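Below is one structure; the comments refer to it alone.
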Protein chains: 2
Amino acid sequence: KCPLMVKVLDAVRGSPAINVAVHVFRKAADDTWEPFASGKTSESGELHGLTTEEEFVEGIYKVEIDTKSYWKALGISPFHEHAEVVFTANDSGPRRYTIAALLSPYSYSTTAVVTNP
Amino acid sequence: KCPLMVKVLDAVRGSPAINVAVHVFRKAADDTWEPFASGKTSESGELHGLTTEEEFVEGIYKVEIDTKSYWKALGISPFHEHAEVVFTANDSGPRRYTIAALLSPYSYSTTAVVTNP
Ligand SMILES: O=C(O)c1ccccc1/C=N/OCc1ccccc1Cl
Ligand SMILES: O=C(O)c1ccccc1/C=N\OCc1ccccc1Cl
């Protein structure tokens, strides 16, 4: 809710991208991707409540946005399997992260907004 | 000049992104990512010759663009560890895949151009 939020928009419809599955992973000491949190975007395109300040420790995180499943519910066969956002988090102390993604069938854009509480 | 080309642009400097490492992987039957091809973008930001028509069979591929090292070499603090483009390669008719990426320190945009020249 506070420390990690994901927002997804649809560049074809000019709308939030609703009901998009998002899976977050964190790299473990053995270099594997351990499951960290998951959820689905709301009617606003936003996904809150993935983690807490306590659990969102330093590490390398991967946010996987299940874009192919999204387009495959709207009649479009898209190019990408998903959109992946991989970043180191909290290495200089806690921050709040918003990961935004803008989706088209053959393209996506992503940006991050990082704030210090 | 092959079935798969990668082009990388720099949105801060308004230039090709030169000397960016690019690693391509193919998904194996056990769902792991197997190294497939790699190189570094040229002075034009392009990477040709990754694969051949013979070897680039249908399957799921991941193109990892090593953006963090690119920004670090410029003295710029970036957000992402790398940019990842994951897609299924499709044989329906003669097709050439160009993966293009536009890089900023906290953002990237990617698109696919799938043509038949
Ligand atoms: O693709 C090509 O053959 C090509 C050839 C010459 C010069 C540029 C490009 C791709 N540049 O495309 C721009 C772009 C790429 C990715 C995301 C957003 C944007 Cl605006
Ligand atoms: O809307 C919000 O509340 C928001 C807040 C913080 C960060 C991102 C966004 C979504 N918008 O930014 C994403 C975007 C806009 C235009 C072009 C490309 C892209 Cl990726």
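Here is the naming used below: chain letters follow the sequence lines, and residue numbers restart at 1 for every chain.
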ILVMFWY network linking [X] to [Y], side-chain heavy atoms under 4.5 angstrom:
{"X": "B/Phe25", "Y": "B/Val63", "answer": "no"}
{"X": "B/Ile18", "Y": "B/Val12", "answer": "no"}
{"X": "B/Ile60", "Y": "A/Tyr106", "answer": "no"}
{"X": "B/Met5", "Y": "B/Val57", "answer": "no"}

Residues, nucleotides or ligands: over 12 heavy atoms within 6.0 Å of B/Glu58 CD: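 For B/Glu58, atom CD is crowded (more than 12 foreign heavy atoms under 6.0 Å).
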
Residues, nucleotides or ligands: over 12 heavy atoms within 6.0 Å of A/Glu55 CD: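 Atom CD in A/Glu55 is not packed in, count stays at 12 or less.
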
Tell me, do A/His80 and B/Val85 make a side-chain contact under 4.5 Å, heavy atoms counted?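 Heavy-atom side-chain distance check passes, below 4.5 Å.
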
Using the ring of each side chain (for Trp, its six-membered ring), is B/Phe79 parallel, tilted or perpendicular to A/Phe87, with breaks at 30° and 60°?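 Parallel: the ring planes of B/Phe79 and A/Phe87 meet at under 30°.
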
Side-chain (B/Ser107) to main-chain (A/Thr110) donor-acceptor, under 3.5 angstrom: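 It does hold such a pair.
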
Straight-line distance of B/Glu84 CD to A/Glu81 CD, nearest 0.5 Å: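 Between B/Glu84 CD and A/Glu81 CD, I get 13.0 Å after rounding to 0.5 Å.
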
With a 4.5 angstrom heavy-atom cut-off, which part of B/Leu102 approaches chain A: side chain, backbone, both or neither?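 Neither part, no heavy atoms under 4.5 Å.
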
Where does B/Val113 contact chain A at under 4.5 Å (heavy atoms): side chain, backbone, both or neither?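 The answer is neither part of B/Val113.
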
In terms of heavy-atom pairs under 4.5 Å with chain B, which of A/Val86, A/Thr111, A/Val114 leads?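 Counting heavy-atom pairs under 4.5 Å, the top option is A/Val86.
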
